[PDB]
Amino acid sequence: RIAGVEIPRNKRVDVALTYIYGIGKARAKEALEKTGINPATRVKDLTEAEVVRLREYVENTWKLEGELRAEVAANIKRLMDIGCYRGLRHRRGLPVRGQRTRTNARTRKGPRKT
Amino acid sequence: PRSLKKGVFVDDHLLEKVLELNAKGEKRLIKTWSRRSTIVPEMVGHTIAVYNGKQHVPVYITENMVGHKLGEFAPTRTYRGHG
Amino acid sequence: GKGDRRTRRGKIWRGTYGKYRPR
Amino acid sequence: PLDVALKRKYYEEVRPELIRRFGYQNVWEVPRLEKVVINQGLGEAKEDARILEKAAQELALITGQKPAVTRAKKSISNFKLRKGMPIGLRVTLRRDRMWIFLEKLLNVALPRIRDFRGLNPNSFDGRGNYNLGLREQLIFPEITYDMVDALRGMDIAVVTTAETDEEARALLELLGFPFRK
Amino acid sequence: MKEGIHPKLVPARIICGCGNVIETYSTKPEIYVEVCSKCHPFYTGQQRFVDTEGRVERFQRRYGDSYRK
RNA sequence: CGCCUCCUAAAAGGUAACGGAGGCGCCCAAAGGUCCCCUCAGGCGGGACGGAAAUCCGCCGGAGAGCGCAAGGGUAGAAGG
RNA sequence: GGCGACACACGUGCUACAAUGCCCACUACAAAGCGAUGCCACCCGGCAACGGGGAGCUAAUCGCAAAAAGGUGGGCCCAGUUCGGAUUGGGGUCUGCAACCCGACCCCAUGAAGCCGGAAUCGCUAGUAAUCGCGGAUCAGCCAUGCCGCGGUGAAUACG
RNA sequence: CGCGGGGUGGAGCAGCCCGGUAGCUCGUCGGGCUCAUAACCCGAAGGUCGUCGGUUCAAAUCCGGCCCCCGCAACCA
RNA sequence: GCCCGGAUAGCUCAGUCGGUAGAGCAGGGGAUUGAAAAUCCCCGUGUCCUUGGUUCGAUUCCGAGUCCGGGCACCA
Ligand SMILES: [Zn+2]
């Protein structure tokens, strides 16, 4: 379908685009504009010339699914290499952005270990 | 982050020392109390014992640490787990 | 929800303005 | 037999090419594509979903040829599989279906591979035999995302008359196999 | 070939995401694809398709060198 | 305590001991008959999941596999599939 | 530098797990305070944060400042969702001498748990609960969901 | 060492016969209730099931050897 | 070997002399309770062991078989 995945036909293209990893409401709200595509049309409600327009466009606008995940892990990979404090947090798998490490770090630490 | 409208803050005396050893070539391992500065591309190839609160921790400056603060690579806290 | 910066309501509860809460 | 334009490429380009690069003193010395083995080590219908004829359905759609069943060569405890037990499909793609499937493979499947950085330039048997793996089967144009129900990749055994991996990867290279490195 | 087991191929109309037609022999007469070799990145110089920077790090020292010295 | 295999057991057979080892008290309606077809173990290397070992492929293998169950004998130029 | 750690455990809060909802746009309706190196109208640039200008205000008159929920229309159509925003990557604005530990805010992307929660347990009897938003103190900044107040809507129930 | 039996999570025990998955009580930990403790409640975790070899695709679960324990017997003089 | 007994809700067992598969036990939930509880309210779930035949229909009735249990013997 599109760059990495398929959009849900019964859903409008707006949320469908955002289903692409590497695309939120913003780029979803924009690529339809640069491709002049009506967002209200469901994914099943999409013509080929529209999609190929949008497909080639968005696929040529931003790295979305795989290439994006490359740099993401890459950015954290390169962090872990230099040994920055941030890299320390990742290599420790602890809250990287100054969160209160003592409590409420389950999102970074997962299950509890009492 | 520091506003790019504002200059890249770097502790001048430490920065100046780096520019000094540049003329004098890579040598004179620099102890620094100046955790807060950002590494400058000149600083690459140098080394600094960055002060960690009690100690000056030696850090070799590579290009992978240019756009960062000095103190980042000096972990001010020592953690080892529990038990 | 109220904790979403991207939501206008979030900036409302945040009491700020961004791309999604004009002034 | 029918026509397959890629095989045509092999005769027209690949044959004179390898004759050039290598100077085979007899045309039966240039490498050739023996067959393409398609394996799927399912390991799922061994106990449950015993009619995985959806699998042979997909393989038939991909090759126009219903594959063979590979059964339990002997029971295993660690793997919940006793002997005499279907664990995998397999087919022997040959001349027509061989060159056809290869044409579809280079032309469609590889470009549809996710983050396809190319093929392993080292996945060689040594005997001028290349292998690889898949993490799904919906890569092919025959298979639509609707019809596909569960990703089952595979391993594909491209066999070649050549003896060395050098002449082999020479051959496939001439065929334009996108090598990753 | 066991005559009646093998799903029969036909002249296959392949259509790329670029609409690039690659006619071959497949079980379905015409089939669309989101990509061809003539459009896949790995064949077209990779194009970078989003980012040709190629390891922006380290610098890329924009807003740098403005030090007073 | 009956029968099977081995050593005891001295290159025929047989050959004792409360001698050294183990098995059997069934099973297969196919594990039988015939015709036809195939050849293993194992190792390497490559191969999505997938491993040490699933299935695949190529490479080397005389039998070291298998042959319903103890051992022995027999055995792929098949008794094995 | 630490008071910000962090396998853990408890208290107190906020946000939620959705359609009596969520998002968008327009349209309303307050109170109470604050403000001269401060509110900053308004204008421009900027996706925005914000920055460049810039009047008035020296306070019922200038501004903060829009109340929000509410109402209209639109979308979503039960979906881990246009729910959820946690985390994280990156790019920025501002303050600050300096935001690595250790600030906030903007933008992009990421989109965690969570489907109303065991044992247990809390508050509330009226403009109360509940819910919505607004101001001030400290403060350059803000780690404020806190605190103190202010107002909008606005309940059920009390046999005993 | 003769014969029978047994040796499962921290404790006691169960699953062995029939090899496919080991459960109960107590106990541990966390929380709850209490002014605190006990009791009680919610919740969770927690087992080469003696050793070593063979059987088996696979062994606590089959077989053998070993160790420990228990029991019975160790006589006719 | 002979005789007879039942195969029913997760269980126990009802079961038509053919119109319906049900009582309670277990399960869950609701109220319930300080815990324990009990209680209470409501849902739980079946080829009526299989085959057949009959009659409009058969859980029923029945022929067979199996399991199933017991007894009654006999053992060269
Ligand atoms: Zn194309």
# chains A, B, ... in the order shown; residues from 1 in each chain; ligands from 1

call {"tool": "residues_around", "arguments": {"residues": "residue D:97", "least_positions_apart": "3", "cutoff": "12 Å", "atoms": "only C-alpha atoms (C1' of nucleotides)", "output": "VMD selection string"}}
result
(chain D and resid 1 to 4 6 to 7 33 to 38 60 to 66 91 to 94 100 to 105) or (chain E and resid 1 6 to 10 24 to 27)

call {"tool": "residues_around", "arguments": {"residues": "residue F:54", "least_positions_apart": "5", "cutoff": "8 Å", "atoms": "only C-alpha atoms (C1' of nucleotides)", "output": "PyMOL selection string"}}
result
chain D and resi 41+43+72+79+81+87

call {"tool": "write_last_selection", "arguments": {"atoms": "C-alpha atoms", "output": "mmCIF file, in the first residue's frame"}}
result
data_model
loop_
_atom_site.group_PDB
_atom_site.id
_atom_site.type_symbol
_atom_site.label_atom_id
_atom_site.label_comp_id
_atom_site.auth_asym_id
_atom_site.auth_seq_id
_atom_site.Cartn_x
_atom_site.Cartn_y
_atom_site.Cartn_z
ATOM 1 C CA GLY D 41 9.773 -24.690 8.081
ATOM 2 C CA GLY D 43 6.458 -26.069 12.646
ATOM 3 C CA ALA D 72 8.754 -35.166 11.009
ATOM 4 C CA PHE D 79 10.114 -29.137 20.030
ATOM 5 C CA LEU D 81 6.807 -32.594 17.406
ATOM 6 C CA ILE D 87 6.199 -29.356 9.783
#

call {"tool": "residues_around", "arguments": {"residues": "residue B:57", "least_positions_apart": "3", "cutoff": "12 Å", "atoms": "only C-alpha atoms (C1' of nucleotides)", "output": "PyMOL selection string"}}
result
chain B and resi 29-35+47-54+60+70-76

call {"tool": "residues_near_ligand", "arguments": {"ligand": "ligand 1", "cutoff": "9 Å", "atoms": "only C-alpha atoms (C1' of nucleotides) and all ligand atoms", "output": "ChimeraX atom specification"}}
result
/E:15-21,33-40

call {"tool": "closest_atom_pairs", "arguments": {"of": "chain G", "to": "chain B", "cutoff": "10 Å", "atoms": "only C-alpha atoms (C1' of nucleotides)", "output": "JSON lines"}}
result
{"residue": "G:1", "atom": "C1'", "partner": "B:53", "partner_atom": "CA", "distance": 3.7}
{"residue": "G:2", "atom": "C1'", "partner": "B:77", "partner_atom": "CA", "distance": 9.2}
{"residue": "G:5", "atom": "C1'", "partner": "B:77", "partner_atom": "CA", "distance": 7.2}
{"residue": "G:6", "atom": "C1'", "partner": "B:81", "partner_atom": "CA", "distance": 8.0}
{"residue": "G:7", "atom": "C1'", "partner": "B:82", "partner_atom": "CA", "distance": 6.0}
{"residue": "G:8", "atom": "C1'", "partner": "B:82", "partner_atom": "CA", "distance": 9.2}
{"residue": "G:51", "atom": "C1'", "partner": "B:5", "partner_atom": "CA", "distance": 9.9}
{"residue": "G:92", "atom": "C1'", "partner": "B:3", "partner_atom": "CA", "distance": 8.1}
{"residue": "G:93", "atom": "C1'", "partner": "B:3", "partner_atom": "CA", "distance": 7.1}
{"residue": "G:94", "atom": "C1'", "partner": "B:3", "partner_atom": "CA", "distance": 8.0}
{"residue": "G:97", "atom": "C1'", "partner": "B:9", "partner_atom": "CA", "distance": 9.4}
{"residue": "G:98", "atom": "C1'", "partner": "B:36", "partner_atom": "CA", "distance": 6.6}
{"residue": "G:99", "atom": "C1'", "partner": "B:1", "partner_atom": "CA", "distance": 7.0}
{"residue": "G:100", "atom": "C1'", "partner": "B:72", "partner_atom": "CA", "distance": 4.1}
{"residue": "G:101", "atom": "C1'", "partner": "B:76", "partner_atom": "CA", "distance": 6.3}

call {"tool": "residues_around", "arguments": {"residues": "stretch 17-20 of chain D", "least_positions_apart": "2", "cutoff": "12 Å", "atoms": "only C-alpha atoms (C1' of nucleotides)", "output": "ChimeraX atom specification"}}
result
/D:9-15,22-32,162,166-175

call {"tool": "closest_atom_pairs", "arguments": {"of": "chain A", "to": "chain C", "cutoff": "12 Å", "atoms": "only C-alpha atoms", "output": "Markdown table"}}
result
| residue | atom | partner | partner_atom | distance |
| --- | --- | --- | --- | --- |
| A:24 | CA | C:6 | CA | 10.4 |
| A:25 | CA | C:6 | CA | 9.3 |
| A:26 | CA | C:6 | CA | 9.7 |

call {"tool": "closest_residue", "arguments": {"among": "D:149, D:165, D:136, D:125", "to": "residue D:40", "atoms": "only C-alpha atoms"}}
result
D:136

call {"tool": "interface_residues", "arguments": {"of": "chain G", "to": "chain A", "cutoff": "8 Å", "atoms": "only C-alpha atoms (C1' of nucleotides)", "output": "MDAnalysis selection string"}}
result
chainID G and resid 4:9 82 86:87 89 100 102 108:110 112:113

call {"tool": "closest_residue", "arguments": {"among": "F:52, F:21, F:6, F:30", "to": "chain D", "atoms": "only C-alpha atoms (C1' of nucleotides)"}}
result
F:52

call {"tool": "closest_residue", "arguments": {"among": "H:43, H:71, H:64, H:20", "to": "chain D", "atoms": "only C-alpha atoms (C1' of nucleotides)"}}
result
H:20

call {"tool": "closest_atom_pairs", "arguments": {"of": "chain D", "to": "chain A", "cutoff": "12 Å", "atoms": "only C-alpha atoms", "output": "CSV"}}
result
residue,atom,partner,partner_atom,distance
D:111,CA,A:3,CA,11.5
D:112,CA,A:4,CA,9.2
D:113,CA,A:4,CA,9.4
D:114,CA,A:4,CA,6.9
D:115,CA,A:66,CA,5.9
D:116,CA,A:66,CA,9.6
D:117,CA,A:67,CA,10.7
D:138,CA,A:5,CA,11.8
D:139,CA,A:1,CA,11.6
D:141,CA,A:1,CA,11.5
D:144,CA,A:1,CA,10.0
D:145,CA,A:6,CA,8.5
D:146,CA,A:6,CA,10.5

call {"tool": "write_last_selection", "arguments": {"atoms": "C-alpha atoms", "output": "compact mmCIF listing (two decimals), in the first residue's frame"}}
result
# COMPACT_ATOMS: atom_id res chain seq x y z
CA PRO D 111 11.65 -4.12 -4.08
CA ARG D 112 8.75 -4.93 -1.76
CA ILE D 113 11.14 -6.06 0.99
CA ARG D 114 11.03 -3.81 4.04
CA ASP D 115 14.28 -1.87 4.39
CA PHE D 116 15.74 -3.97 1.60
CA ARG D 117 19.42 -3.07 1.74
CA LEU D 138 2.97 -11.36 1.52
CA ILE D 139 5.93 -9.91 -0.42
CA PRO D 141 2.15 -9.55 -6.05
CA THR D 144 -2.61 -9.57 -1.24
CA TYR D 145 -2.70 -8.29 2.31
CA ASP D 146 -6.37 -9.27 2.44

call {"tool": "closest_residue", "arguments": {"among": "I:1, I:18, I:75, I:7", "to": "residue I:54", "atoms": "only C-alpha atoms (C1' of nucleotides)"}}
result
I:18

call {"tool": "residues_around", "arguments": {"residues": "residue I:70", "least_positions_apart": "2", "cutoff": "10 Å", "atoms": "only C-alpha atoms (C1' of nucleotides)", "output": "PyMOL selection string"}}
result
chain I and resi 4-5+68

call {"tool": "write_last_selection", "arguments": {"atoms": "N, CA and C atoms (P, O5', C5', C4', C3', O3' and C1' of nucleotides)", "output": "PDB file, in the first residue's frame"}}
result
ATOM      1  P     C I   4     -30.986 -61.666  33.027  1.00  0.00           P
ATOM      2  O5'   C I   4     -31.778 -60.347  33.435  1.00  0.00           O
ATOM      3  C5'   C I   4     -31.111 -59.098  33.533  1.00  0.00           C
ATOM      4  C4'   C I   4     -30.696 -58.797  34.951  1.00  0.00           C
ATOM      5  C3'   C I   4     -30.295 -57.357  35.224  1.00  0.00           C
ATOM      6  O3'   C I   4     -31.410 -56.516  35.460  1.00  0.00           O
ATOM      7  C1'   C I   4     -28.642 -58.794  36.088  1.00  0.00           C
ATOM      8  P     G I   5     -31.362 -54.966  35.044  1.00  0.00           P
ATOM      9  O5'   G I   5     -30.801 -54.239  36.345  1.00  0.00           O
ATOM     10  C5'   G I   5     -31.126 -52.887  36.628  1.00  0.00           C
ATOM     11  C4'   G I   5     -29.983 -52.191  37.318  1.00  0.00           C
ATOM     12  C3'   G I   5     -29.220 -51.184  36.469  1.00  0.00           C
ATOM     13  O3'   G I   5     -29.835 -49.910  36.409  1.00  0.00           O
ATOM     14  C1'   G I   5     -27.690 -52.672  37.417  1.00  0.00           C
ATOM     15  P     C I  68     -14.943 -50.954  31.855  1.00  0.00           P
ATOM     16  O5'   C I  68     -16.113 -50.575  32.862  1.00  0.00           O
ATOM     17  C5'   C I  68     -16.331 -49.228  33.244  1.00  0.00           C
ATOM     18  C4'   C I  68     -17.703 -49.045  33.838  1.00  0.00           C
ATOM     19  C3'   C I  68     -18.146 -50.123  34.810  1.00  0.00           C
ATOM     20  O3'   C I  68     -17.571 -50.012  36.094  1.00  0.00           O
ATOM     21  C1'   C I  68     -19.849 -49.784  33.264  1.00  0.00           C
TER      22        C I  68
END

call {"tool": "atom_distance", "arguments": {"atom1": "atom CA of residue E:62", "atom2": "atom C1' of residue G:88"}}
result
24.8 Å

call {"tool": "closest_atom_pairs", "arguments": {"of": "stretch 3-50 of chain H", "to": "stretch 35-38 of chain I", "cutoff": "12 Å", "atoms": "only C-alpha atoms (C1' of nucleotides)", "output": "CSV"}}
result
residue,atom,partner,partner_atom,distance
H:33,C1',I:35,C1',10.2
H:39,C1',I:35,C1',10.6
H:40,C1',I:35,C1',6.1
H:41,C1',I:35,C1',6.8
H:42,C1',I:35,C1',11.8

call {"tool": "select_by_dssp", "arguments": {"residues": "stretch 7-70 of chain D", "states": "helix (DSSP H, G or I)", "output": "PyMOL selection string"}}
result
chain D and resi 7-22+27-29+53-63

call {"tool": "write_last_selection", "arguments": {"atoms": "N, CA and C atoms", "output": "compact mmCIF listing (two decimals), in the first residue's frame"}}
result
# COMPACT_ATOMS: atom_id res chain seq x y z
N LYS D 7 15.19 -15.44 -18.35
CA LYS D 7 16.00 -16.50 -18.96
C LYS D 7 16.57 -16.05 -20.29
N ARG D 8 15.74 -15.39 -21.10
CA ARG D 8 16.21 -14.74 -22.32
C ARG D 8 17.40 -13.83 -22.04
N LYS D 9 17.30 -13.02 -20.98
CA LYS D 9 18.43 -12.20 -20.57
C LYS D 9 19.65 -13.06 -20.27
N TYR D 10 19.43 -14.19 -19.60
CA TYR D 10 20.52 -15.10 -19.26
C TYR D 10 21.27 -15.56 -20.50
N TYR D 11 20.53 -16.06 -21.49
CA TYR D 11 21.17 -16.50 -22.73
C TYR D 11 21.84 -15.33 -23.43
N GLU D 12 21.11 -14.23 -23.60
CA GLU D 12 21.59 -13.13 -24.42
C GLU D 12 22.75 -12.41 -23.76
N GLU D 13 22.65 -12.15 -22.46
CA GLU D 13 23.64 -11.36 -21.74
C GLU D 13 24.53 -12.23 -20.86
N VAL D 14 23.91 -13.00 -19.97
CA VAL D 14 24.65 -13.69 -18.92
C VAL D 14 25.60 -14.71 -19.52
N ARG D 15 25.13 -15.48 -20.50
CA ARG D 15 25.99 -16.46 -21.15
C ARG D 15 27.19 -15.81 -21.81
N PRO D 16 27.02 -14.88 -22.75
CA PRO D 16 28.19 -14.23 -23.35
C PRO D 16 29.02 -13.49 -22.33
N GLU D 17 28.38 -12.97 -21.29
CA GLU D 17 29.12 -12.28 -20.25
C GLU D 17 30.10 -13.22 -19.57
N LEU D 18 29.58 -14.28 -18.94
CA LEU D 18 30.44 -15.23 -18.26
C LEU D 18 31.47 -15.83 -19.20
N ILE D 19 31.10 -16.01 -20.47
CA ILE D 19 32.08 -16.39 -21.47
C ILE D 19 33.19 -15.35 -21.54
N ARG D 20 32.84 -14.08 -21.35
CA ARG D 20 33.84 -13.03 -21.41
C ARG D 20 34.70 -13.01 -20.15
N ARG D 21 34.07 -12.79 -19.00
CA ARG D 21 34.77 -12.67 -17.73
C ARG D 21 35.60 -13.90 -17.42
N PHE D 22 35.11 -15.08 -17.78
CA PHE D 22 35.73 -16.32 -17.36
C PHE D 22 36.30 -17.14 -18.49
N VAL D 27 30.62 -24.42 -23.37
CA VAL D 27 29.43 -23.71 -22.93
C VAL D 27 28.74 -24.41 -21.77
N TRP D 28 28.95 -25.71 -21.61
CA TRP D 28 28.42 -26.39 -20.44
C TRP D 28 29.22 -26.10 -19.18
N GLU D 29 30.28 -25.30 -19.29
CA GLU D 29 31.07 -24.89 -18.14
C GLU D 29 30.56 -23.62 -17.50
N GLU D 53 -3.39 -26.09 4.58
CA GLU D 53 -3.49 -26.02 3.14
C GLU D 53 -3.63 -24.58 2.66
N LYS D 54 -3.87 -23.64 3.58
CA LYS D 54 -3.69 -22.24 3.23
C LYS D 54 -2.24 -21.97 2.88
N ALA D 55 -1.32 -22.67 3.53
CA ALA D 55 0.10 -22.51 3.22
C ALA D 55 0.40 -23.00 1.81
N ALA D 56 0.02 -24.24 1.51
CA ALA D 56 0.20 -24.76 0.15
C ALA D 56 -0.58 -23.93 -0.86
N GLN D 57 -1.68 -23.32 -0.42
CA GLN D 57 -2.41 -22.39 -1.27
C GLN D 57 -1.54 -21.19 -1.63
N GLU D 58 -0.92 -20.58 -0.62
CA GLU D 58 -0.07 -19.43 -0.87
C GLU D 58 1.11 -19.80 -1.75
N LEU D 59 1.74 -20.94 -1.47
CA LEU D 59 2.88 -21.36 -2.28
C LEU D 59 2.46 -21.63 -3.71
N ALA D 60 1.30 -22.26 -3.90
CA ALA D 60 0.80 -22.48 -5.25
C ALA D 60 0.55 -21.16 -5.96
N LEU D 61 -0.01 -20.19 -5.24
CA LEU D 61 -0.22 -18.87 -5.83
C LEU D 61 1.10 -18.23 -6.20
N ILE D 62 2.14 -18.49 -5.42
CA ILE D 62 3.42 -17.85 -5.65
C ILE D 62 4.19 -18.52 -6.77
N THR D 63 3.97 -19.81 -6.99
CA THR D 63 4.76 -20.58 -7.93
C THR D 63 3.95 -21.27 -9.00

call {"tool": "residues_around", "arguments": {"residues": "stretch 44-47 of chain I", "least_positions_apart": "2", "cutoff": "8 Å", "atoms": "only C-alpha atoms (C1' of nucleotides)", "output": "number ranges by chain"}}
result
I: 8-9, 21, 27-28

call {"tool": "closest_residue", "arguments": {"among": "A:32, A:80, A:52, A:43", "to": "chain E", "atoms": "only C-alpha atoms"}}
result
A:52
